[PDB]
Structure formats: C-alpha cells, structure tokens
Amino acid sequence: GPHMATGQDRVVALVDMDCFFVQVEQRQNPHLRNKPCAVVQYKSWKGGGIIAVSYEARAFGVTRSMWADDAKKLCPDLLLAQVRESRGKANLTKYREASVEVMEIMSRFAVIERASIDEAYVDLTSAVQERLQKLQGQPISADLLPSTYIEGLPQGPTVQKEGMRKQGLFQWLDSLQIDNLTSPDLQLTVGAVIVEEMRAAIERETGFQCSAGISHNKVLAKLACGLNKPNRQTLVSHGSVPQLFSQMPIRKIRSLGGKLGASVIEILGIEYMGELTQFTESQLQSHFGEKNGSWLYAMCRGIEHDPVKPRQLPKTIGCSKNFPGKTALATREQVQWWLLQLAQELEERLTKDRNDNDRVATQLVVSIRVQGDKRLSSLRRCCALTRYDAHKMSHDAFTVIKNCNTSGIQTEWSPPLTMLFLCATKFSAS
DNA sequence: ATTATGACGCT
DNA sequence: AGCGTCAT
Ligand SMILES: Nc1nc2c(ncn2[C@H]2C[C@H](O)[C@@H](COP(=O)(O)OP(=O)(O)OP(=O)(O)O)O2)c(=O)[nH]1
Ligand SMILES: [Mn+2]
Ligand SMILES: [Mn+2]
Ligand SMILES: [Mn+2]
C-alpha cells in the first residue's frame, strides 16, 4: 500500500540511432538516400557480411548477419556501402566519429551513458523538474509531442497510423494531472517533450534520425524505444506495464535474451514477463541466484534501479580480426604481421583518444581463438601498456601468446589461429 | 565463414 | 586475473 515502492522516482530515456551505419553512408552519398540499402564488411566471401540495413531493405527481409549475395536474392535492387579497409582489416573510424557528433549533442540536454556506438541512456529527472518549474502549471500541448506514441493507448469505447498515434496521445493528455509537480505520468510526459527537442537537435545538426523510449528506468526505456521505429519515440508509463508484459516474451527484456532467459522459461514453465509476478522473491532467488532473483522480482512489476552512469566515452579501445576457414594463421611471420597491423590501428586510435580526452590506457589485453575451439576466445592474457608504440605492443602481445604454439617447428604455428584481439584498458587521467 | 566491437558478472 | 554472458 502506502509503503510499497513503485519505481517511479526517475525519468530515463534511451535514444537509439536508426540503422546508424546506413545513415552515416547515406549522409555521405545522397544517391543512397531513401533506398533499400545496407552496409557490408569485406566482399570476397559471399559478397560480404551485412551489418546494418535501411528500413526500406528490411521490408524485403534483408537482415544483419546475412551475406550480401543472399540479400541480393531477396532484394535485387539493394544498394550496398562497404566499410573502409585499412591495414588489411575493417576500420570503423567513420562511424565512431559520427557517434561522437551525436553524443556531444545529447550531452547538452543531460548527462548520458554511452551504451553502444549508436545508443545512449539519458537521466532526465532533473531537467524534467526544471521544465516543470518553468511550466507554471499550464498543460502540455499535443503539438509539443509530434512524434510520440503512448504505449497502450488508445483503448476503450480512423484506420491510419498517424491517426491512431494522435488518438492515443489525446487520451493520454486528457487524463493528465498537470497541477501536481510530483505526478510520475506528468514527469514522463515532460521527459518526452525534452526528448522531442533532443531528437530535433540531433537531426538538425547531423542529418541523422533516431528513435527513443521514455520511462522510469533503463529496461523499460529500452523496450519502449523498440515499439515504434523508425523516427519515433514511445512513452511507457508505470500503469502500462501489466498489459504490456502480459504478452511480452521473456527474451525481449534486455539481459534475458540468452541462457538465463531460456532457463526462466524452462524452470518455471512460463512464456511471458507478466507471469513472473506469481513467484515470491525467495522463489526467484532460489532458482536464479540472489541478484538475478531480486532483479526479476522487481522487473516484472516495472521496477529497476540500475543507474544511468555518467560516461559518454568508451571504457576500452579494442582492435579485432577473425581468420576463418582456410585464412587461419599458420606461420610465425603471419601471426607477427597481423599483430602488427592490429597494433598499428590501436596506436592510431589511442593517440587520438589521448589528445581528445586527456587520458592514457595502462593495460593491454591480448585475446586469441585457436582452430576447433567453440568459444569466442580461447585465451585472454594481460600485460602492461606503458608506451603508445605499435611495435612494442605487438612484440608484447606475441610474448604473452607465444607459448600457445604447440608446433615443434619454431617457424610454423599450430593449431592455427582464427582470431586476434588487442584491447587497451584501465585508463588514467593525464 | 554470424564480424568487430563493447559492457559487465563470476570466482 | 582470466573466463563467461549478453548485446548486435
Ligand atoms: N562491426 C559490427 N557492427 C555491428 C554489428 N551489429 C551492429 N553493428 C553496428 C551497425 C549498426 O548500424 C550499429 C547500431 O546497431 P543497432 O542494433 O542499434 O542497429 P541499427 O542502428 O543498425 O538499426 P536499428 O537501431 O534497429 O534502427 O551497430 C556487428 O555485428 N559487427
Ligand atoms: Mn540503432
Ligand atoms: Mn543501438
Ligand atoms: Mn539493429
């Protein structure tokens, strides 16, 4: 009752750029705009691997992790842009630099947590309080929410998309308690006004469109963001959670799309998020551990406490390349040459990071995969990173891995390596 | 031959 | 520290 918490203390948004790498290439090359198009890495094997897909191309069934040749079977007029290749490997610098453009704009409105190259959480609680105090009580016009959906509305007692969106928004606004500066629904609504402004600024100043979710925590904001893509934002209120979760497959919630989610389904004999409410907190902890159990108990009621961390820069700067099938590395000269290539890209990126961001990495993590190993990484070892020098970094990586060569011959490398990965970590201010 | 990342939890 | 999971 009056003491049972409802997880409505914050306003959190998740902003995700639509088909980002595609939008970056479409900005650069206007011939690709408003077309079925995709971004690919490499080209020789099956046309290259697709990693991003415009919504026009998605309508034909084109997806990520599809070979370009197969995509062309679904969509013969598909247009393709290729990721840059430098030092023999894919180089993602163009997309990282575009990401910094967007993140710097977002940071003008609130402190952000960079969750990926293309998405960031926003803690809007304080900005909402500000705008409400500037809002001397007058209601929020629908004109301030021109791209907002209210999940679950319209309901109760026109056959167009935009008409439905507007009906739901009008039902929502009509029911608003605009006189109460502590009303969570009002706070979410003002958060959505701010996110409209942030998304408008991103598009005006970069050309890029995005989607967003507004709710009371990170998981609901992420889920909300996915409900109406592209170029739209969705408000998920606390009150919308019972209906939303009653038909929500457990795997759709962030962190439950893998083995843990499958075990929730198999152990409890349930399918949907809402079914979790019938278990006690102790029951869930008994199956899934104390941390997971408390998290699930709260999450299935719409409640989650993970903070938006004030972190707009990545914590690690890494370089990796797979050597699949017959391209696996089988000589010492080969291994050394590719370690050097990776280390030279790493040096370039680290030196730019030090100039931009006033910090230096201090640990080098070296990871490899050996042929026939099912795991992504067969081995991970760390060593000291004391100098931003590619030859030193590659020599050190070779020293940390050289005992994995089981070949008696010092010239050959066996079993051959199917992955190399260098990662700079443990930053200190400088 | 589903690639190049990046974050975080466990012990 | 080194490994596993999750995201995509
Ligand atoms: N190199 C590489 N990049 C990836 C991979 N998966 C995704 N990316 C990149 C390309 C995408 O444009 C970008 C953002 O990922 P998202 O899941 O947010 O999808 P995207 O923005 O493409 O589409 P959407 O958000 O659904 O509109 O990340 C991958 O496996 N390898
Ligand atoms: Mn995206
Ligand atoms: Mn994303
Ligand atoms: Mn995607």
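Atoms considered below: every heavy atom in the structure, side chains included; atoms not considered: hydrogens, waters and symmetry mates. Order of the sequence lines fixes the chain letters, A, B, ..., with proteins taken first and strands second; residue numbering starts at 1 for each chain.
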* Asked: Should A/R375 be listed as having a side-chain N or O under 4.0 Å from OP1 or OP2 of C/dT5?
  -> no
* So, is A/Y95 close to the B/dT5 phosphate, meaning a side-chain N or O under 4.0 Å from OP1 or OP2? -> no
* What is the nucleic acid contact for A/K46, judged by heavy atoms within less than 4.0 Å: base, sugar-phosphate only, or nothing? -> nothing
* Asked: Does B/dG6 have OP1 or OP2 sitting under 4.0 Å from an N or O in the side chain of A/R349?
  -> yes
* To do: Report yes if a side-chain nitrogen or oxygen of A/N322 is closer than 4.0 Å to either non-bridging phosphate oxygen (OP1 or OP2) of B/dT2; otherwise report no.
  => no
* Asked: Would one find a side-chain N or O of A/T316 under 4.0 angstrom from OP1 or OP2 of B/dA7?
  -> yes
* If you look at every strand shown and take non-hydrogen atoms under 4.0 Å, does A/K222 touch a base, only sugar-phosphate, or nothing? -> sugar-phosphate
* Passing option when A/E345 is tested against A/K89, A/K352, A/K321, A/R87 for salt bridge (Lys or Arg N to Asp or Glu O under 4.0 Å) -> A/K89
* Whichever of A/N292 and A/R114 has its nearest DNA chain B nucleotide further upstream toward 5' -> A/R114
* Using the ring of A/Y297 (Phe, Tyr or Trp, six-membered ring only), decide whether A/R301 places NZ or CZ under 6.0 Å from its centre and within 45 degrees of its axis. => yes
* Asked: Nearest of B/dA1, B/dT2, B/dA7 to any side-chain atom of A/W45?
  -> B/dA1
* To do: Measure the spacing between CZ of A/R380 and OG of A/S367 and express it to the nearest 0.5 Å.
  => 5.5 Å
